[PDB]
Amino acid sequence: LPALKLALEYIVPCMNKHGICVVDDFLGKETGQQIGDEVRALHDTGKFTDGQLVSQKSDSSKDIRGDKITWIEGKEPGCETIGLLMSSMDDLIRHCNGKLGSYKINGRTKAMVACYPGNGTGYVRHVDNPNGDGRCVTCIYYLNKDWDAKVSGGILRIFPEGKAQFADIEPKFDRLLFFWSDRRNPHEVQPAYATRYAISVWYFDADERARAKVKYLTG
Amino acid sequence: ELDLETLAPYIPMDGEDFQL
């Protein structure tokens with residue numbers, strides 16, 4: 001759908017009021033299935049490795065998050081439709097410039113293609129960016145044709161601060177999700193009992209990301 | 001309390017980052 005109206009008349013007010021915004025049927029069936037094929041080929045060719053954490057202490061990562069992931073820049077052969085998804089997400093964010101809170105969004109991460117390979121894997125309750133690493137908006141595209149969450153689980157449960165309800169996001173085919181990455185939105189991926197795929201990017205606030213980079217580059 | 005960075009999903013801190 002045209003980016004300007006979707007951004008300004010839906011995504012922006014949704015985010016500023018609730019800190020969470022769901023856009024269903026984002027790219028359509030044909031493109032969504034092409035993304036699915038590209039993701040399944042990354043899976044089948046052994047590209048995924050254990051999901052990792054910002055800080056590592058004694059714990060196995062698998063007691064925290066049970067997904068397997070790879071990072072995609074968008075230009076790789078065989079990831080062209082993932083690249084189109086990334087470009088579409090970026091187009092929406094660019095049309096939101098200066099209207100998402102007080103953030104100045106200038107950049108983002110690579111895309112994280114993630115699979116919870118059934119078997120009850122999930123992700124314990126956490127905050128995407130608790131300590132100021134620059135991430136201000138998490139954007140996730142789901143691609144699970146045939147997902148029945150009542151059987152297969154895998155709901156992303158978000159606990160938005162100050163709200164009388166939590167937000168249950170089933171990982172529905174062709175669903176796009178945005179939410180503030182900071183402590184306003186703790187969230188868990190509830191156990192998945194079938195193979196579950198999602199593609200995430202995180203958008204940076206320029207000034208916070210600059211401070212985080214200074215911290216990293218000085219030790 | 002718990003250090004929430006130990007539960008936060010990793011992102012590269014080095015390299016550039018993609019510029020919009």
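A few remarks follow.
- Condition check for A:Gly78: more than 8 Å from every other protein chain (Cβ to nearest Cβ) and small (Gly, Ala, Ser): yes
- Scan of the range A:24-42 for residues that are surrounded by 12 or more Cβ atoms within 10 Å (Cβ to Cβ) and not in a helix (DSSP H, G or I), ordered by number: A:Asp25, A:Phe26, A:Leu27
Let's see how each residue does on (1) within 16 Å of the chain's Cα centre (by Cα); (2) under 27 Å from A:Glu38 (Cα atoms):
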position	(1), (2)
A:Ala111	yes, yes
A:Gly118	no, yes
A:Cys136	yes, no
A:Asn144	yes, yes
A:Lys150	no, yes
A:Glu161	no, no
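- Test: residue in the range A:184-206 that is assigned to a loop (DSSP other than H, G, I, E, B), over 19 Å from A:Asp67 (Cβ atoms) and more than 14 Å from chain B (Cβ to nearest Cβ): no
- Going through (1) crowded, with 20+ Cβ neighbours inside 10 Å; (2) away from chain B (no Cβ under 11 Å); (3) assigned to a helix (DSSP H, G or I) one by one, A:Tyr116 falls short only on (3).
- Qualifying residue in the range A:80-98 (condition: acidic (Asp, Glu), in contact with a strand residue (DSSP E or B) (Cβ under 9 Å, 6 or more places away or on another chain) and within 28 Å of B:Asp3 (Cβ to Cβ)): no
- Filter result (facing another protein chain (nearest Cβ under 7 Å), of a type in the set (D, E, K, R) and assigned to a loop (DSSP other than H, G, I, E, B)) within the range B:1-13: B:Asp3
Here, each number is a calculation from the coordinates, and none is a lab measurement. Neighbour counts run over all protein chains shown; Cβ positions are idealised from the backbone, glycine included.
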